[PDB]
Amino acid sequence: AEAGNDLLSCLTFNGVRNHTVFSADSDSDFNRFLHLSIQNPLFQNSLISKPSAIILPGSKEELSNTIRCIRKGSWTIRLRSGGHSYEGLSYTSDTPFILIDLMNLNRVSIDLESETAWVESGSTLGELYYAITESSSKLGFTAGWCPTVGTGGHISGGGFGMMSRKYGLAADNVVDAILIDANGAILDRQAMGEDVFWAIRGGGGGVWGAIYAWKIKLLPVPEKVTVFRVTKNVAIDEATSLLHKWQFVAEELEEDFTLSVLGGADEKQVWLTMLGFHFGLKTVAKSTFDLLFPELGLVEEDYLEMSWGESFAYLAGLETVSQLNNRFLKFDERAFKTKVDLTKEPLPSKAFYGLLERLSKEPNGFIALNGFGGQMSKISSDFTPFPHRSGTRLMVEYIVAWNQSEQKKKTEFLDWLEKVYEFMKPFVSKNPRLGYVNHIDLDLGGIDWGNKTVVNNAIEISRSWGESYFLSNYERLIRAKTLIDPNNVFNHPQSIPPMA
């Protein structure tokens, strides 16, 4: 379905002047803006789905009207903030679709009196973090480490980061927000009601409508926090020992502490990158690990004291705090597919050993280990759609990324990742095998919203990944879905089905 004169005239009429139409060209602005926020080259392929038009609204009413104009046609709506969807569900779709890029909605309004902020859904974590440190040295916010990840889909799915052990997810700290429904109705928390305002805070993106802006509570942070990023080159024996003890240390640390691990291997050596964050000074930080985790062999020089801003930039591997404010800094430029696990029981050494052995078989693979507990276990499972709280111990994350040179090995890389996930099945959560909506996994299945045979059973088919992402909260998400989008205008392969 083309993007005809009706759609365009509708946009022109409504003052939404920033938009381009599909172009087979490569030198075109369309293709440029399209590939501008494709954060997973896995989907840069010339055979993937491409929008009939890309619209870049610059205000909440332009956003409202954009949705209104698209509703006059049959197009599927696709919202994009940072475009970091692991499945590229913000710039792809089986059916002809319109791409609503929210990058022009990147304003952060910080209020130092209430210590809250109105973050436009276009604003990325980085641009947000920058705004906060630009305004205060005693304020921060909890969310992912990826500075290019947009708050649009990030906070919509939850938002887990290095401070979540201290403050919970991003969505755990949303006090208000502006959602724009299928009719372009501009709704605040009071207008949308509690069932929906609850849903949008971890229920997923591209499901409830277009978040125009988030109102977050800004969080206290000492003017000096401590972090370390130390890569240990060890053998598999030591690596297992370190990982096996890590899970306990990491999960049982005080909320003022976060210890995350990035593991990979290559035949000979196993490399474990230790990412440390302390909600306080260096001496206390080092004292703690010197006691709890002396095996890391971390030294004084390893611990860096810096502002909270400097720390989230440092942790993200950025050169400077200014780079937090750069939304177009690709952090790898490599295609990838990532599966995640959540643990209820501790993991046997054999699990880390197996993981490390499997890793040593494929250098392009690597695991990310995150501890829960602390503040994550104090927030109710039903406080927000994100269920995994008290009881959840670790977030294990299996990634595999490659170069354009290695595009041929594609299927092989995915094969490895499939083998690793299968290998971990006994050691992780079961019935259901839990997942995280911001780590959306189309392998868990999907829904063909064009197939009425399936659409009639959308809720049960969706159960597979639904209870996996949201567990018991899945029920309330369906009531909330029916209230704000019964027509299922906002959908994607793993969107919450409305009651029909």
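Numbers for residues come from their place in the sequence shown, where the first is 1. Whichever C-alpha set is largest while still superposing within 1.5 Å between the two forms counts as the rigid core.
Farther-lying stretch by C-alpha RMS in 4 other deposited structures of this protein, rigid core as reference, of 217 to 225 and 326 to 334: Between 217 to 225 and 326 to 334, greater C-alpha deviation in 4 other deposited structures of this protein belongs to 326 to 334.
Stretch farther from the shown model on average in 4 other deposited structures of this protein, with CA RMS computed after core superposition (279 to 287, 394 to 402): Checking 279 to 287 against 394 to 402 in 4 other deposited structures of this protein, I find the farther stretch is 279 to 287.
Residue range whose averaged C-alpha B-factor is higher in the record, 400 to 408 or 219 to 227: The stretch with the larger average C-alpha B-factor is 400 to 408.
Per the entry, higher mean C-alpha B factor between 265 to 273 and 105 to 113: Higher mean C-alpha B-factor in the PDB entry: 265 to 273.
Highest recorded Cα temperature factor - choice among 36, 458, 437, 70: Among 36, 458, 437, 70, the PDB entry lists the largest C-alpha B-factor for 458.
Candidate set 371, 363, 159, 426 [ranked by C-alpha B-factor, highest]: So the option with the highest C-alpha B-factor is 363.
Third of the chain, ranked by Cα B-factor, where residue 20 sits: Answer is highest: the recorded C-alpha B-factor places it there.
Record-listed C-alpha B factor of residue 53: chain third: Tercile = lowest for this residue's CA B-factor.
CA B-factor ranking of residue 471, expressed as a third of its chain: CA B-factor rank for residue 471: middle third.
Relative C-alpha B-factor of residue 317, binned into the chain's lowest, middle or highest third: For residue 317, whose C-alpha B-factor we compare with every modelled residue in the chain, the answer is the middle third.
Residue 307 - Cα temperature factor, lowest/middle/highest third of chain: Answer is lowest: the recorded C-alpha B-factor places it there.
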